[PDB]
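Encoded as structure tokens, the following chain is the form deposited in one PDB entry, with no partner shown.
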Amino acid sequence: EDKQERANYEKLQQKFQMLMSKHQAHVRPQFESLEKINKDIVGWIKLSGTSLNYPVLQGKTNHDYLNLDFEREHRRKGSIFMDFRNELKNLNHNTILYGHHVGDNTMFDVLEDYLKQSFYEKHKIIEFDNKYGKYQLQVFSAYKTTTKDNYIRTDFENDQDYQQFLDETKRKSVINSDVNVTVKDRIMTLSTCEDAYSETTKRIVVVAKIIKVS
């Protein structure tokens, strides 16, 4: 069955790109189309030359699309989804997306490649789009973590705090980046997610500077 599963994302990827060519500069029409399939589709995330090229969901909670594809049907690999706490249009300091990593080379399997400096060099930019504009993700950190509390923070009490976070985030990186991030920039965190109650406790985190290129 994994056949049709791949086919579904294949149809949808081909559809997105045609819309991205049909409506081009305009992202509003592109996503009003995607939302016909499912209103929870709030964005699209793509990394050229890799399997990362999917729609981003957001439900009421962070287990809503843990085991559900984009048309709301049960799947072990579920789908890529944003933290239920993040706002669109007016991004929080830190926006977070999650996705499975099973080794099938799908969803967030590519986050592991970011641990290697070589790979990072050849894939410094990641594309992210939604109804409010086109964005560019400038990867500036990648690492493994056993925790699951601090790196999932949405906003901060003050610049100092956010400042510390950025510093910490930079120090944890296993890759070197030329990207210069400041407490004035907004960031996006791509996090790996295990199955419900899998509790394998071992995640791959990739962090990037968000840039509106529209």
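Only residues modelled in both forms are compared. The term rigid core refers to the maximal set of C-alpha atoms that superpose within 1.5 Å between the two forms. Numbers follow the displayed sequence, beginning with 1.
The same protein also has a form deposited in another entry, omitted here; what follows describes it.
* If you fit the rigid core between the shown form and the other one, which of 180, 61, 160, 147 ends up with a C-alpha shift of 2 Å or more? -> Residue with a C-alpha shift of 2 Å or more: 147.
* residue 10 C-alpha moves between the shown form and the other one by 2 Å or more, core aligned -> Comparing forms between the shown form and the other one, the residue 10 CA shifts below 2 Å.
* Compare the position of the CA of residue 21 between the shown form and the other one after a rigid core fit and state whether the shift reaches 2 Å. => Moves: no, less than 2 Å.
* Asked: Out of closer and farther, which fits the Cα atoms of residue 48 and residue 151 in the other entry compared with this form, where the change is 3 Å or more?
  -> So the answer is farther.
* Asked: By 3 Å or more, the Cα spacing of residue 150 and residue 209 differs in the other entry; is it closer or farther than in this view?
  -> Compared with this form, residue 150 and residue 209 lie farther apart in the other entry.
* Core-superposed comparison between the shown form and the other one, runs of at least 3 residues with CA shifts of 2 Å or more -> CA shift runs, sequence order: 147-151, 199-201.
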